[PDB]
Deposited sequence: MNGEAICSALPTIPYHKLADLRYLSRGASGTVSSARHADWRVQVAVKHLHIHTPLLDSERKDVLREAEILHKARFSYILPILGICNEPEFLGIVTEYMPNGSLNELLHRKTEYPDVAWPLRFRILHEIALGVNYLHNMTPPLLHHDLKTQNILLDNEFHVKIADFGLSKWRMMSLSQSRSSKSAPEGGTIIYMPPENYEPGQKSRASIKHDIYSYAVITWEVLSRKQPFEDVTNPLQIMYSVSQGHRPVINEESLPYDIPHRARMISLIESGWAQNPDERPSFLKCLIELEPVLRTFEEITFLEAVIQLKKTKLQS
């Protein structure tokens, strides 16, 4: 049973982000004395959707899912309270390059591994949970840069488009609950992580992107996009191309991706992951 958190116990409320998913602000819990974050939106249908997401996080708890701490549900305030993620989202880590000039490969591969473990867990639930809104903005990073998947506003029990498979452009119950949506998002996320590039950066119009994706086009695979020094480069390219395959049948399960990723992740010495985080903090601090 999910705790209910009185709105007045959230002190020093301060805004962080606003998106389609909702508004996110930080706070400190007056009794637990920890930093928390809270996604908040009057209405009546809107309050049901917020409650819908909160129940889903409560149920989907796992080591790589954003931990829900409670719902603030009062006439003055509706909102989901979660642990506060001090290192923001994967999107700023990838694309704020003046702030993070170097993101070592061991950390990037660990992030990819942990995303896959999170989504795999969702897909292994009774009944399977489908996220359907994976994006780098929705992968949050905790104090030591471990993954927490966020934003379940579009999850379902079994530039905003760049992660969406083409068969979902015009949604029908032929894919409405397809098990192959998330892996396609993950393939694009994987390309984004290994390249530190905006997918389809060269296309000014997002409707042009959908038309091109509908025809089978994808973010470029070459040495400029995916540099030669990517560890296990050819294996990662395979993983990307099969994950975003035009034919949904032809895309793997997250289990099979994990089976392939495990020996790759074992080639990095464990301390190397911490080395990578320390390098991020030390250079950032010096700036």
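Judged by missing C-alpha atoms, the gaps in the deposited chain sequence fall at residues 1 to 8, 50 to 54, 172 to 187, listed in sequence order.
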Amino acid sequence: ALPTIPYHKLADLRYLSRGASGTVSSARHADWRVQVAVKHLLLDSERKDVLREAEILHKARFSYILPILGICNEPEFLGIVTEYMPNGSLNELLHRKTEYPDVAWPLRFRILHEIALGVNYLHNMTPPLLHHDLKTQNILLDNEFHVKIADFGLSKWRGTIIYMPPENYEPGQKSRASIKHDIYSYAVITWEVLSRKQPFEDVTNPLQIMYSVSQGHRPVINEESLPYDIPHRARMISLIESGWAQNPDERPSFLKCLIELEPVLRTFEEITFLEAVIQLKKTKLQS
From here on, numbers count along this sequence of modelled residues.
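The term rigid core refers to the maximal set of C-alpha atoms that superpose within 1.5 Å between the two forms.
Root mean square Cα distance to the shown form, taken over structures and residues in 6 other deposited structures of this protein after a core fit, is higher for 71 to 79 when 71 to 79 and 88 to 96 are compared.
A fit on the rigid core, followed by a root mean square over CA positions in 6 other deposited structures of this protein, ranks 159 to 167 against 129 to 137 and picks 159 to 167 as the more shifted one.
In at least one third of the other compared structures of this protein with flanking residues present, residue 177 is left unmodelled. In the other compared entries of this protein that model both flanking residues, residue 19 lacks coordinates in at least a third of them.
The question of which stretch, 264 to 272 or 20 to 28, has the higher mean Cα B factor is settled in favour of 20 to 28.
Judged by mean Cα B factor in the deposited record, 70 to 78 ranks above the other of 86 to 94 and 70 to 78. Each of 131, 110, 158, 196 has a CA temperature factor in the record; the biggest one is found at 158. Comparing C-alpha B-factors across 221, 34, 257, 43 in the deposited entry, the largest value falls on 43. Sort the modelled residues of the chain by CA B factor and residue 235 lands in the lowest third. Sort the chain's modelled residues by C-alpha temperature factor and residue 148 lands in the lowest third, per the entry. In the PDB entry, a CA B factor belonging to the highest third of its chain's modelled residues is recorded for residue 173. Among the modelled residues of its chain, residue 209 has a C-alpha B-factor that falls in the middle third, as given in the PDB entry. Sort the chain's modelled residues by C-alpha temperature factor and residue 127 lands in the highest third, per the entry.
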